[PDB]
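Below, in structure tokens: the form deposited in one PDB entry, a single chain.
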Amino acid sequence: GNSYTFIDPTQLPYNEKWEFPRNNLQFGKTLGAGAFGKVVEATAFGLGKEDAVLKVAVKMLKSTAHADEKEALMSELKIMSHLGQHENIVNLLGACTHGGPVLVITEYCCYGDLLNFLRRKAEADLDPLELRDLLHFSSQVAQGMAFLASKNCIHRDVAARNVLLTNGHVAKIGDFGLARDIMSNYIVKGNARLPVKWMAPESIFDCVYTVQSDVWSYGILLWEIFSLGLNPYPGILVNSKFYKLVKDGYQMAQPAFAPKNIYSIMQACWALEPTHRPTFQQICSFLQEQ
């Protein structure tokens, strides 16, 4: 057939350069968990050219996991290994694929997730975040998305809860559990629990994902950032009523700390036609100037 084809990174064998011995690894406390597995804190000894002793985060499935889920963690590993590094992504540091279950090792971000961070500040002030800081988080997530978009990697789980804050409070997009690689649609296979309040209409109603779907999600995140971590569509349950509102063009109101320019960016991300939404690169231009 045609001698030229795009290379599907999920089809590539595991790259052995990421391999790290599990006995150079010491597990600590659980950072987050589910039914799929967990992410734990660990100390890595002699990892890469980094600090000889290095605090890292490690993802693993619970021993209960079936063939389905083990394969989904390898796909995740494979996607993350082809991306290359960026300053605003929770980068992959290595893996453990021999001598035991699959472990995926990534940068440890000491201040945890953005959502909880924003909520602690909101609770502390009731008992100090500035607009500049909120803009910086927004701009940094945008930069990471633009990098992902430029790899044809659609994240599919853009939310304050999946943005993490590392040294200097630098924002990084984490959790690639639903990340997928395209090229030009991605169609939803089905029945995975999904983050409905962060999903673009075409993803809900047509099971279709493009990079412009992530832009919708990013707009929701902007709403989360500038409201200091309110749940989206506050007080409105996911049901028939919600889907109607979304399809008929309902949008959340301007949050307390969002300047008009940022709300306008939000609203443009919430265009029903995905191609009428701005690109992540354009969004980087907007926030670099604000």
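We number the residues from 1 along the sequence you see. Note that the rigid core is defined as the largest set of C-alphas that superpose within 1.5 Å between two forms.
There is another form of this protein, the form deposited in another entry, and it is not shown here; the text below is about that form.
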Pick from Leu135, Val208, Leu178, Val170: whose Cα moves by 2 Å or more between this form and the one not shown, rigid core superposed? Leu178
Is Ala256 among the residues whose Cα moves by 2 Å or more between this form and the one not shown after superposition of the rigid core? no
Look at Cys110 and decide if its Cα position differs by 2 Å or more between this form and the one not shown after superposing on the rigid core. no
Assuming the CA distance changes by 3 angstroms or more, are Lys62 and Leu178 closer together or farther apart in that other deposited form compared with the shown structure? closer
Would you mind telling me if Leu178 and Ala42 are closer or farther apart in that other deposited form than in the shown form, C-alpha to C-alpha, with a 3 Å or larger change? closer
